[PDB]
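Numbering of the sequence shown is given in the numbering used here, commencing with residue 191 and proceeding in unit increments.
For each residue, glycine too, the CB sits at the ideal point set by N, CA and C.
First the structure, in the form of structure tokens, and then the observations on it.
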Amino acid sequence: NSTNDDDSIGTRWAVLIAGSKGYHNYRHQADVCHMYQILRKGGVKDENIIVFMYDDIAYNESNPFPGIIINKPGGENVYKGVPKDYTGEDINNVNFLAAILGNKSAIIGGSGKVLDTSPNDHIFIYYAXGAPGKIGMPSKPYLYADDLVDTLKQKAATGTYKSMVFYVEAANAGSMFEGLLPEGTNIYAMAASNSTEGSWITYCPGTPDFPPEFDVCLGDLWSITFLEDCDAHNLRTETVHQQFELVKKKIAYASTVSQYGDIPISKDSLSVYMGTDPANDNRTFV
Ligand SMILES: *[C@@H]1O[C@H](CO)[C@@H](O[C@@H]2O[C@H](CO)[C@@H](O[C@H]3O[C@H](CO[C@H]4O[C@H](CO)[C@@H](O)[C@H](O)[C@@H]4O)[C@@H](O)[C@H](O[C@H]4O[C@H](CO)[C@@H](O)[C@H](O)[C@@H]4O)[C@@H]3O)[C@H](O)[C@H]2NC(C)=O)[C@H](O)[C@H]1NC(C)=O
Ligand SMILES: *[C@@H]1O[C@H](CO)[C@@H](O[C@@H]2O[C@H](CO)[C@@H](O[C@H]3O[C@H](CO)[C@@H](O)[C@H](O)[C@@H]3O)[C@H](O)[C@H]2NC(C)=O)[C@H](O)[C@H]1NC(C)=O
Ligand SMILES: *[C@@H]1O[C@H](CO)[C@@H](O[C@@H]2O[C@H](CO)[C@@H](O[C@H]3O[C@H](CO)[C@@H](O)[C@H](O)[C@@H]3O)[C@H](O)[C@H]2NC(C)=O)[C@H](O)[C@H]1NC(C)=O
Ligand SMILES: *[C@@H]1O[C@H](CO)[C@@H](O[C@@H]2O[C@H](CO)[C@@H](O[C@H]3O[C@H](CO)[C@@H](O)[C@H](O)[C@@H]3O)[C@H](O)[C@H]2NC(C)=O)[C@H](O)[C@H]1NC(C)=O
Ligand SMILES: *[C@@H]1O[C@H](CO)[C@@H](O[C@@H]2O[C@H](CO)[C@@H](O)[C@H](O)[C@H]2NC(C)=O)[C@H](O)[C@H]1NC(C)=O
Numbered sequence: 191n192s193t194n195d196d197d198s199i200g201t202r203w204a205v206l207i208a209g210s211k212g213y214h215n216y217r218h219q220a221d222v223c224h225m226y227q228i229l230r231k232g233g234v235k236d237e238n239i240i241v242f243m244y245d246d247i248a249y250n251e252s253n254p255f256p257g258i259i260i261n262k263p264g265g266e267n268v269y270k271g272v273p274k275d276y277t278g279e280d281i282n283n284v285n286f287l288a289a290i291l292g293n294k295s296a297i298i299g300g301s302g303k304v305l306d307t308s309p310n311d312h313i314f315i316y317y318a319x320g321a322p323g324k325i326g327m328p329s330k331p332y333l334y335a336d337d338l339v340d341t342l343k344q345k346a347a348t349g350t351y352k353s354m355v356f357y358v359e360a361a362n363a364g365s366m367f368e369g370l371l372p373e374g375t376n377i378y379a380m381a382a383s384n385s386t387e388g389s390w391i392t393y394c395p396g397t398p399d400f401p402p403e404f405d406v407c408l409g410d411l412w413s414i415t416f417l418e419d420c421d422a423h424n425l426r427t428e429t430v431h432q433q434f435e436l437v438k439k440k441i442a443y444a445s446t447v448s449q450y451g452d453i454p455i456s457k458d459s460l461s462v463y464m465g466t467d468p469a470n471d472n473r474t475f476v
């Protein structure tokens, strides 16, 4: 009965979630904070960015730089300005699925910020921290693939978006979408690993160039590969497909970057979802 038209050009929205907790899982919250920095430098408003992060890293007693979170040795503080929509045990299936669906009544804790999107809007979902057919939540119950796909199908039915890009960093990340995500939903998915592979961590203690102050890994290989790609050039000149082929080639030695769902959605430039940093205009992707 509802209308599929609106007088809006289209707003960029994002959901960023680190599914883990504990100081040793520093990498997942750093990844999600680095993605937030990419979005706000691209003009995505805080009001449209839903952040799920346990928030036990920046001021952890073990953190050598309190108030700071970095996602690469010698990198910049990515914790600065990150909204705190769902922190602690408010990062769960109930709140995560209600946020994607956009049901404020289903939210049991947290900010209550959900994807109250409209037909011309674009959604970018990024999850960091997996097993065959499931991805973690800081505490049990975990997020099972069938539940995530039921929510994405309910969201597709509403027609409250033009297109959605879902990036998953986890082991067996592909298993969340393989043979489940129907085409026609306008949802493109990119995963660090296929349904049967584990995913690599990077920026870990061990190499002689690692900072002595840190005892934890700063990032996840696929995440830092695509995040460092987004910071380097004008995202209006690089498509999601061009990023997929770049990261897939760049980390082929570790895992197989896989794509699922509505593949033609990947024809859009990354700026459709992330905007672009006005300081990177004179740097085109070649
Ligand atoms: C998609 O959704 C639309 C919105 O919900 C649907 O519109 C609705 O259509 C139905 C008929 O299919 C209308 O039903 C009743 O309409 C009047 C009431 O109108 C007034 O009150 C409404 C609130 O109750 C307001 O919303 C209206 O603006 C208006 O002020 C009743 O008098 C009717 O009663 C008659 O019919 C019944 C049997 O059906 C008899 O038993 C009664 O005795 C009487 O003869 C209807 O019950 C409804 O008003 C309408 N809503 C609007 C706002 O337009 C639309 O139908 C739907 N499309 C499809 C395909 O399902
Ligand atoms: C800094 O990181 C620490 C390590 O990840 C983290 O320690 C963890 O703290 C939680 C909360 O106290 C402990 O979990 C406990 O949760 C409830 C608390 O009442 C208990 O019922 C449980 O039995 C459980 O023990 C973890 O055990 C603890 N982990 C470790 C390794 O010590 C700190 O909390 C983090 N600090 C900040 C500022 O967030
Ligand atoms: C948004 O989240 C809402 C809360 O989780 C949810 O509302 C709940 O909807 C169910 C039905 O789907 C209702 O459950 C039962 O309620 C009636 C009355 O008691 C019973 O007769 C039925 O058996 C029914 O199953 C809940 O009562 C209802 N809760 C509230 C507070 O309204 C919405 O459905 C969710 N919306 C969407 C679009 O997903
Ligand atoms: C996920 O990526 C895996 C690569 O990391 C991939 O594994 C590879 O799968 C092929 C089969 O498709 C294996 O080859 C098989 O067949 C040859 C003969 O043609 C035999 O000699 C082999 O022993 C084997 O049975 C590759 O060996 C295998 N490589 C590894 C390292 O596992 C998975 O198939 C991918 N999974 C999904 C769900 O796509
Ligand atoms: C792309 O790079 C810079 C980006 O600024 C541009 O070059 C100079 O930019 C400063 C201001 O930032 C101006 O003062 C200069 O006059 C700019 N030069 C020119 C020729 O525009 C420029 O837009 C691009 N550079 C090149 C070499 O094309």
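Please go through the stretch 265-329 and give each complete alpha helix (DSSP H) segment of 4 or more residues, from N-terminal end onward. 283-291
Quick check on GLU359: does DSSP put it in helix, strand or coil? Looking at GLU359 - three-state DSSP - the assignment turns out to be strand.
Three-way DSSP call (helix, strand, coil) for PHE242 in this model: strand
Contacting residues, own chain, Cβ-Cβ under 7 Å from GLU373 (five flanking each side not counted): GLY451 and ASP452
Going straight from the alpha carbon of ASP306 to that of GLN227, what length do you get? In this model, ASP306 and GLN227 are separated by some 22 Å (Cα to Cα).
Which residues DSSP lists as bridging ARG202, in chain order: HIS312
Does ligand 3 have even one heavy atom less than 7 Å from the beta-carbon of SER383? no
Roughly how many whole angstroms lie between the Cα atoms of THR415 and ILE260? 15 Å
How far does the alpha helix (DSSP H) with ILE228 in it extend, from its first residue to its last? 216-231
Same chain only: Cβ atoms within 8 Å of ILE199, ignoring 5 sequence neighbours per side: These residues qualify, in order along the chain: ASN310.
Buried versus exposed call for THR466 [16 or more other C-beta atoms within 10 Å across all chains shown]: buried
Tell me the residue span of the alpha helix (DSSP H) that contains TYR463. 461-464
Is there contact here, the stretch 295-302 with the stretch 270-281, by at least three beta-carbon pairs under 8 Å? yes
Would you report the Cα separation of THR348 and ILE313, rounded to the nearest angstrom? 14 Å
Just to confirm before moving on: does the CB-CB distance between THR446 and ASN362 stay below 8 Å? no
In the DSSP assignment, find the beta strand (DSSP E) that holds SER448 and state where it starts and stops. 448-451
Backbone CA spacing between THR341 and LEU291 [nearest angstrom]: 6 Å
heavy atom of ligand 3 below 7 Å from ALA347 C-beta: no
Between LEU411 and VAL430, is the Cβ-Cβ spacing less than 8 Å? no
My understanding is that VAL268 touches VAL241, with C-beta atoms under 8 Å, so please give their C-beta distance in whole angstroms. Rounded, the Cβ-Cβ distance is 12 Å, inconsistent with contact.
Would you identify the three-state DSSP class for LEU417, choosing helix, strand or coil? Note: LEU417 maps to helix in three-state DSSP.
Quick one: measure Cβ to Cβ for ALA335 and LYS324, integer angstroms, because I've assumed they're closer than 8 Å. Taking C-beta atoms under 8 Å as the contact rule, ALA335 and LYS324 qualify, at a distance of about 7 Å.
Three-state class that DSSP yields for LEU338 in the structure shown: helix
Quickly, what does DSSP pair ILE258 with across the bridge? List them, please. Per the DSSP secondary-structure output, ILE258 pairs with nothing in a beta bridge.
Taking just the CA atoms, how far does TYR357 sit from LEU206? 10 Å
Just to confirm the assignment, what range does the alpha helix (DSSP H) spanning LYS440 have? 430-440
Cβ neighbour criterion (16 or more within 10 Å) applied to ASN472: exposed
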